[PDB]
């Protein structure tokens, strides 16, 4: 069981076993909401199509892939005891937001993810990262996870685009796994998008393309994924919607 090098919400590590158990077999795996890519790191497809709306995220993934050794050596320099304090953090955060170099931003991005408050990723309407200092004892530099990501990424393509466009890339030999932002328990992921995602899923399964969707087990998710074989996992339970052709 492999871990990602990034702290990221929606890490489905406790549910990885349940996901792989319902995930159909295929040649290519498509992930419209790849995030930390825990599913990508713990499956075994011959090729992957990985996408996310976060441009900083996708940019990092490309750099780690194409320029692995150069990146690891550069990013490791920021994981020294001297950098674990507020003043250094807020200057590095300011350097990230003012940098126009993809490589430097990707290097600082890992630092901010490991030293930032609760590993959050928050922006303002200007696209500026504004997560405060995290105050951890000693942040772990995920060197092993980085190299393992780069190796598996050799069979993956990273795109920065909405789910509708990424799911449009899926063909006959493709399996689509969707891990959308959690449905509410009653710039966010609106209810209309939640419903639209299920609609696109029904379109793919009508074209003989397998689609698996994970989400909370609420009334809305039941109504959204009504045309799928629902599976309940595990307060609020977890739901798996399988669209089998």
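Residue numbers count along the first chain shown, from 1.
- When the other compared entries with both flanking residues are checked, residue 12 is modelled in all of them, not unmodelled in a third.
- Residue 187, though modelled here, lacks coordinates in at least a third of the other entries of this protein that were compared and that model residues flanking it.
- Counting the deposited residues that fall between residue 234 and residue 235 and carry no coordinates gives a value of 10 or more.
- The modelled chain breaks between residue 186 and residue 187, where 10 or more residues of the deposited sequence lack coordinates.
- The mean C-alpha temperature factor is higher for 171 to 179 when 112 to 120 and 171 to 179 are set side by side.
- The top Cα temperature factor in the record, among 56, 52, 69, 217, falls on 217.
- Comparing C-alpha B-factors across 41, 34, 205, 213 in the deposited entry, the largest value falls on 205.
- Among the modelled residues of its chain, residue 8 has a C-alpha B-factor that falls in the middle third, as given in the PDB entry.
- For residue 148, the recorded CA temperature factor ranks within the middle third of the chain's modelled residues.
- The PDB entry assigns residue 93 a C-alpha temperature factor belonging to the lowest third of its chain's modelled residues.
- Sort the modelled residues of the chain by CA B factor and residue 135 lands in the highest third.
- Among the modelled residues of the chain, residue 209 sits in the highest third by CA temperature factor in this PDB entry.
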